[PDB]
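1. Please find the sequence and an experimentally derived structure below.
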Amino acid sequence: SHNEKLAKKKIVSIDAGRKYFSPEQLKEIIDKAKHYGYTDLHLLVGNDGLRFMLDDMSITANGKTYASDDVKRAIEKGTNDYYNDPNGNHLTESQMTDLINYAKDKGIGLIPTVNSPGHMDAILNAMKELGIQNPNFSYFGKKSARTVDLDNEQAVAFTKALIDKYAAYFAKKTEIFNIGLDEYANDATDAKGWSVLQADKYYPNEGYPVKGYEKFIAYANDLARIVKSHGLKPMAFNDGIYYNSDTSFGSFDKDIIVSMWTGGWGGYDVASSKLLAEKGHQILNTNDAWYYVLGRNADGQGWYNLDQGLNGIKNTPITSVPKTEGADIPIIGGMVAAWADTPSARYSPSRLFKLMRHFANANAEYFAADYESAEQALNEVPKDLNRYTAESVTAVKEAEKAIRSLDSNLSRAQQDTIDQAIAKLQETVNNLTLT
Ligand SMILES: CC(=O)N[C@H]1/C(=N/OC(=O)Nc2ccccc2)O[C@H](CO)[C@@H](O)[C@@H]1O
């Protein structure tokens, strides 16, 4: 099923929420993505930091409009409070439109993430700068820097309107919008946030958040509705979706594509990919086997170091989804992810490209071949062959025909077929003999 494999999405994810990436850096990543046979760039722009500003950032919520220039000041400041990156603060609308167009012309899509209700430090800060009160979730006196309180109607309304503003921009120029949903209050609860949101149902009268997880389902579904209204497919990370396999709080919108990144860990019991598929969700395999955190560049340098990610790529194929329960889990594609958890780390293009190249090579039948050198070779053939001998001319014409007769849907596994055809053309041109 070569055609089914090549039809899958192959995606590189870049955390440009925590850390600034310039348009030039992002274009270079797009170029490499295209070369290695990827289909999409997944660009987080809201992920702790918020690093994408529309021309009009005015937000209507809470019975008022927050002025564009105030929302911009609030977000720039709020992002800087998370991390004031010396390289830059945000991409502009003009830059994003140009980047999406640049990618489109190369056959690469762009999938944005603007994360909530977790990983939203900068939006929380921005809301406080606008004057919204107490937006942050707290757990027995420990305030999350990252997560909104779903009981705070003003904070929730603002956040939804902000997501809507971005989704309206991305409408018609993208296909999928990642609303995130990972790791609720991971700081304040020591990575127990879903358990906390579920706890009051089963452990009442203990001070746990009343209707916490029910409100989360409603929030996720309302963001899904917002995204869908703009003709975009919503996507979200898996960990909070039917956490603890618990279907008793409500149901998630089936139109949410699941980015399946984790199988969970000790005391963090996530729904299996089997359960999620059976509930009607499509799955993008985002296995954290393949993760790379910038600056963790070799064995021993911490979790998700480059050597660990390269090992994960070698040992966990694109078809291996987290927590399958032994079931056959279909996928829409696979996504290798680079993250900026320590955003002051130096971004190394060569290390990212090595990760990308290894993912492509390890799953070569899924990745598109590279035809650009073949097209260049054709452009370099002498146009007029009259002055050469008939025998030598025929050989060039046959070699050109052979290139133009290559299957246009070859995989990276078949690159040598293309490269051999290029070499043969070059040989025949070199052998052109003047009459
Ligand atoms: C969806 C996702 O990956 N969320 C976070 C994320 N979550 O990963 C974990 O929490 N992983 C983990 C948890 C417990 C034990 C081992 C790994 O990993 C990335 C790399 O650190 C972070 O940049 C992301 O923000």
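-> In hand now; what should we look at? Numbering: from 1, shown residues only.

2. OK, contacts around the closest residue to the ligand within the chain?
-> Nearest residue of the chain to the ligand: residue 339, at 3.3 Å (C-beta to the nearest ligand atom). All C-beta spots, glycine's among them, are computed from the backbone N, C-alpha and C. By C-beta atoms under 8 Å, 6 or more residues apart in numbering, residue 339 lies in contact with 15, 18, 291-294, 304.

3. filter the residues you listed down to the ones close to the ligand.
-> When C-beta under 6 Å from any ligand atom is applied, the members of these adjacent to the ligand are 15, 291, 293, 304.

4. nearest to residue 356, of those?
-> residue 291 (12.9 Å; C-beta to C-beta).

5. Count the neighbours of that closest one for me.
-> The number of residues packed near residue 291 is 23, by other C-beta atoms under 10 Å.

6. May I have the phi/psi pair for residue 139?
-> phi -130, psi 110 (degrees, to the nearest 10).

7. so how far is residue 185 from it?
-> As judged by C-beta to C-beta, to the nearest Å, residue 139 and residue 185 stand 6 Å apart.

8. okay, and the common contacts of those two?
-> Contact with both residue 139 and residue 185 is made by residues residue 196, according to C-beta under 8 Å, 6+ apart.

9. Comparing these two, which shows the higher neighbour count?
-> residue 185 (29 against 19).

10. how about the more buried one, what does it touch?
-> So residue 185 contacts 118, 137, 139, 144, 146-147, 193, 196 (C-beta under 8 Å, 6+ apart).

11. ok, and which of those residues reach the ligand?
-> Among those, not one lies near the ligand by C-beta under 6 Å from any ligand atom.

12. Next, format the residues you listed as TSV and append secondary structure.
-> Output for these, formatted as TSV (DSSP: H, G, I helix; E, B strand; the rest coil):
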residue	secondary structure
118	coil
137	strand
139	strand
144	strand
146	strand
147	strand
193	helix
196	helix
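
13. Please enumerate the helices of the stretch 251-400 of the chain.
-> 273-278, 306-315, 349-362, 372-379, 390-404 (DSSP state H, counting those that start in this stretch).

14. Redo those as TSV? Include distance to residue 2 and mean neighbour count.
-> Shown next, in TSV, are those (distance: least, C-beta to C-beta, whole Å; neighbours: other C-beta atoms under 10 Å):
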stretch	distance to residue 2	mean neighbour count
helix 273-278	24	19
helix 306-315	21	19
helix 349-362	16	18
helix 372-379	19	13
helix 390-404	20	15
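
15. Same list, those, but as TSV with distance to the ligand please.
-> As requested, the helices of the stretch 251-400 of the chain are exported to TSV (distance: least, C-beta to the nearest ligand atom, whole Å):
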stretch	distance to the ligand
helix 273-278	15
helix 306-315	10
helix 349-362	13
helix 372-379	32
helix 390-404	42
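
16. And for residue 247, the neighbour number?
-> 12.

17. for it, what are its contacts?
-> Residue 247 neighbours (C-beta under 8 Å, 6+ apart): residue 279.

18. any idea whether it is helix, strand or coil?
-> Applying three-state DSSP: residue 247 is coil.

19. Tell me how far it lies from residue 217.
-> 10 Å.

20. do residue 248 as well
-> Between residue 248 and residue 217 the computed distance is 11 Å (C-beta to C-beta).

21. Show me which of those two is the more surrounded one.
-> A direct count of neighbours by other C-beta under 10 Å for residue 248 and residue 217 places residue 217 higher, at 19 against 12.

22. Please work out how many residues are found near the residue nearest to that one when sequence neighbours are not counted.
-> Spatial nearest neighbour of residue 217, chain neighbours left out: residue 250 (4.1 Å); criterion: C-beta to C-beta, 6 or more residues apart in numbering. By the measure other C-beta under 10 Å, the count of residues near residue 250 is 15.

23. again, but for residue 219
-> By the criterion of other C-beta under 10 Å, residue 219 has 19 neighbours.

24. Surely it is in contact with residue 150?
-> Yes: with contact defined as C-beta atoms under 8 Å, residue 219 reaches residue 150; the gap is 5.8 Å.

25. Name the residues contacting each of the two.
-> Counting by C-beta under 8 Å, 6+ apart, the common neighbours of residue 219 and residue 150 are 117, 156.

26. before we move on, the earlier item: who wins for neighbours among the ones next to the ligand among the contacts of residue 339?
-> Going by other C-beta under 10 Å, residue 15 tops these with 25 neighbours.

27. So which residues on the stretch 51-200 of the chain come close to the ligand?
-> Residues of the stretch 51-200 of the chain lying near the ligand (C-beta under 6 Å from any ligand atom): 119, 182-183.

28. can you rerun that using 8 Å?
-> Contact residues (C-beta under 8 Å from any ligand atom) of the stretch 51-200 of the chain with the ligand: 119, 180, 182-183, 186, 191.

29. In TSV: these, plus neighbour count.
-> As requested, these are exported to TSV (neighbours: other C-beta atoms under 10 Å):
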residue	neighbour count
119	27
180	25
182	22
183	22
186	19
191	16
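
30. Tell me how this structure divides into domains.
-> Domain assignment for the chain by curated CATH domains gives 1-367, 368-435.

31. Deepest in the core, which of those is it.
-> domain 1-367 (a mean of 19; mean count of other C-beta atoms under 10 Å).

32. And it, end to end?
-> End-to-end distance of domain 1-367 (C-alpha to C-alpha, to the nearest Å): 13 Å.

33. For the stretch 101-250 of the chain, just list every one of the strands.
-> 109-116, 136-139, 142-148, 176-180, 233-237 (DSSP state E, counting those that start in this stretch).

34. Given the fourth one, what are its sheet partners and their directions?
-> It stands for strand 176-180. strand 109-116 (parallel), strand 233-237 (parallel) (DSSP bridges).

35. Ok, which of the ones you listed comes nearest residue 321?
-> Of all the strands paired with strand 176-180, strand 233-237 sits nearest to residue 321, with 13.6 Å by C-beta to C-beta.

36. who touches that closest one?
-> 111, 175-183, 220, 223-224, 227-228, 253, 255-259, 261, 284, 286.

37. ok, now stretch 340-350?
-> Contacts of stretch 340-350 (C-beta under 8 Å, 6+ apart): 15-19, 21, 25, 28-29, 49, 83, 85, 293-297.
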